[PDB]
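Taken one at a time, structure 1 and structure 2 that follow are two forms of one protein chain, written as structure tokens.
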Structure 1
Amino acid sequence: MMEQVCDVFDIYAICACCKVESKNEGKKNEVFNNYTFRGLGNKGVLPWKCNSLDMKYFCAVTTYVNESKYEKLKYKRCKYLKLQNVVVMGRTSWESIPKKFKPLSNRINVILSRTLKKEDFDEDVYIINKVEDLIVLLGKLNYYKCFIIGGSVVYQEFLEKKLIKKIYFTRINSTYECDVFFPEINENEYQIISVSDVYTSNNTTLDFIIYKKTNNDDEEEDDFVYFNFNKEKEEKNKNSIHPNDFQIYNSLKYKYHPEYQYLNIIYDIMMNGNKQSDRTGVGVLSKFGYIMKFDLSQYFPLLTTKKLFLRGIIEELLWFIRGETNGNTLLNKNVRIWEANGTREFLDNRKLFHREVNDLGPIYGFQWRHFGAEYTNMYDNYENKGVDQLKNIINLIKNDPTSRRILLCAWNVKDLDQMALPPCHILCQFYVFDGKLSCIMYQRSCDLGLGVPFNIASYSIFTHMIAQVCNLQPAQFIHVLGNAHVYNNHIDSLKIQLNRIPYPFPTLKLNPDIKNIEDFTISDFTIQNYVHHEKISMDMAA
């Protein structure tokens, strides 16, 4: 009955917007949102000069054509009246391009000039004086899809004009000085339905998202139904958890951003979890056995759907590497991760009656550097006692990289009961190939709301640390979850969190002068270009 113009002539927008130089109140509590990425141009060029992968994406999207679908499209376009896509740009933009790469290859180029007229453009490029003139020009042409590509105000002229069907939008995750903003996309008009894998090109991370116009072989298909004949017409926590709760999450089609490996596991435990009591007395939803993989060559996987802070987590890791068991070393730096596990009362309830407050016993650090040595107190001298696993793994990686025995184990069975509590991060295995280091960490118990997000960062940083001091490049961090759980108190915060759309991940920089694993200090670590959503108190109370 009714159908809109954009949908009929298949009219699209494709852009790339970087972060924009600013100056703010004082502190860097800089709130991020979608308008964060708006930088289109600087003085006739891209604010970043050159990006080999966005270029490959642009050329891929604006020259891809599917002939065997044209029949349907032609039929559509005529019902009011070699195949190539149409690209459309403003004048500034067309003169920004070298004559080398003009006209744009395999594309019907179409410029908007109120000025110079048709009869001097010597190729087969078209020209039109107004945006309603394009519509008529697509009537007289055989083309697949039409792509607006061109300058601030050409795009601007479509918030009200509503001729765009989808925005193909590259997020370039780095700050450049910019002459031209991009129009503020109205959340009520266009909504994101797809997010890509995160990449590294030309010394920045970037991802590709898709906004869509809001509306406010045949045989073997039955065989699939047949093979699914023994499902349930329901879920499990359909009695607990509702559909409409995950409206933005469920609305997405392509969820390829690596942050979805974490969010999807939350989803899976919420929808399919098993309801259990536990040691705490808050209950959980639990499942058993998952795996995530992060590509550290391309990004640093610091969750972006909430705010995470890493000073504490980095000090803790530095404190593990030194071999320390002294809770006080962390408390004097206002790192309080282990405080509650070092109190008189907590140690008493563990039957550690003869243990000094904050003497956490032969926990991670003592096992990494002194496995099997007899623990006394947090102040004794342990130099050259026990097995220095940490040193042994760095020597294996350097000298026998194809060894299958490169493991770092904290689960010392003899010593569990002397620990303030037994370790969650059971062990680390390493794999080296083609100058690259990959790390698996097995976690026996995984608090998906609070713990896991830090656990990922922690072992990613460590995989970087281990790689730099071994003259290797980081490849994958691989996280295996044993008993994976969402505390009930976290459920509401995590519903909120699943409905947020990830930003491209940050990068981690290490001070490259550090060549020995003992030699890192807090200042040697820098998280760059961390774009993130607002913090979530995971227990929303007090």
Structure 2
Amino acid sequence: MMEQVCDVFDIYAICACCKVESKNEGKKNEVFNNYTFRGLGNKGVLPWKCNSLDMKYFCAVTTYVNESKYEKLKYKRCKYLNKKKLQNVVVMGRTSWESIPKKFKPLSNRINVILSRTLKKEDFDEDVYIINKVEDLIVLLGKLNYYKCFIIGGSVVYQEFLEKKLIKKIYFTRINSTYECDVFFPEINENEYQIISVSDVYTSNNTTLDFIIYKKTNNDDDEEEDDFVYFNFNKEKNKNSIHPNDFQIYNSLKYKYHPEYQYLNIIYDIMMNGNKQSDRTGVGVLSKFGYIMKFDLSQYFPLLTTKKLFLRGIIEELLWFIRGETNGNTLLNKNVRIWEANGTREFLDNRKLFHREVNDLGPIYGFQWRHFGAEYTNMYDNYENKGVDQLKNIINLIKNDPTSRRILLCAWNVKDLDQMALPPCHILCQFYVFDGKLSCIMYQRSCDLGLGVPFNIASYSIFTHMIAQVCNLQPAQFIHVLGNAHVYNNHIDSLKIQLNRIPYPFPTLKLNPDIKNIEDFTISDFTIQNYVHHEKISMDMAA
């Protein structure tokens, strides 16, 4: 039918935006949305000054060319208008041109185009095209051999290319930190543009960042392809009549590379392919067996962004573990209620623990970490130098025998299981040290995907940081192994909502760096920075 200019000439935009220093009274319960990342410039320069990784990405996108795709674009552009090395075109406003240092101008291996009224060709020494209107560019592009055209900057330039409907896609970097800005990327209208791809999350220059792609919405061997269909002759409701169109946003994305998809894909897999089972009572799960997720802790802190999580509780839990404590009153006195239901009279009685005091959780994690194999008595007992201090041992092995394949911390004490309020969900941690870097595998026997797993990921990632620091190492991977992986029936609706949210780039965890012993951390040694998240979800929508 009819062909758009943005389509024929392959006009794209590429930008990087940070969060903006807009002061608000109560930065607890701050609303986040796509408009959160909108800061483009300050006093003529970049708000964050310099980001090596955003630069590298920018260079990669704007200089990438595929010579074999060219003749199809050539014919196409020629058809539209009736009619060595290939380069991309970069287009920028004069102000952006002048902010670039001389040593870097014109941009290497690219056709440089500058928009100006105040300056003409005679005002530039360099190999650049000077145009004075957007129409001039379109004329120029009909006359050039070039691969793609990128609009690289000036909010004035971005606004008018978007105003004029000349952008096919936006390559948009989300710099996950706050800086003083005076210039802003225009608000992308969600009826005009949808996010189709989200990259991995990275760290560079002391910020996390990721890269997203917005697309303009709907206004000598090939003989091997068929073999694929043959080898697939035995496949198959998928199994479960959850619905397709419920996950419209989830399924519309092409590249789902943000590490949060490791968790969100498992939900989807379980929902679509899970086995229907029933716990003791009449709950109510879909289940599967055996998954692995991996999170790169040197690049980000994997606190889920598709809903709001608070960490104070799980940090206090972790510190309680490290102290060796089994006293549930300690947590309740800090208003942490994680262990409360498992400490009641009724709960303990139903475990046949008739001689256990309320909130005495028995020889659980803390006790096993510090005193494995000692004879549990009560929560107030002084177990000094009894049983195996496996926490101190693993710290010693990591410091003194880093290549050991025996650095395991294990909570599953078979002799003690029946004395515990409940057997541990998190069975063991194994460590691995290469080149001054520490990775952790945690094996989980039982995994409530909806409510527990988001916190568990956070817990063990924090613990890996803690162990790395006191051992003088850098954290590398946290690797989460899931045994029995299940989604409660009563969570499904809430998880559907969640699956259709686009993740934000992850936050970062900072530890007070003065802490040199595992026993020395307190709650104020922990900071989650730049947590950007979708709204709080109640997993059970009961009322």
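The first residue in the sequence of structure 1 is number 1, and each one after it adds one. Basically, rigid core = biggest C-alpha set you can superpose within 1.5 Å across the two forms.
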**Report entry** Answer among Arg279, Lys351, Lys414, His242 for the CA shift between structures 1 and 2 that reaches 2 Å or more, rigid core superposed
**Finding:** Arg279
Requested in this report: Note yes or no: does the Cα of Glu119 move by 2 Å or more between structures 1 and 2 after the core is superposed?
Outcome: yes
Query raised in the report: After the core is overlaid between structures 1 and 2, has the C-alpha of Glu160 moved by 2 angstroms or more?
Result: yes
**Report entry** Flag for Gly26, CA shift 2 Å or larger between structures 1 and 2 after aligning core
**Finding:** yes
Report summary line: Shift in angstrom of the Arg91 C-alpha between structures 1 and 2, rigid core held fixed, comes out at 1.2
Query raised in the report: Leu252: how big is its Cα shift between structures 1 and 2, in Å, with the core superposed?
Result: 0.3
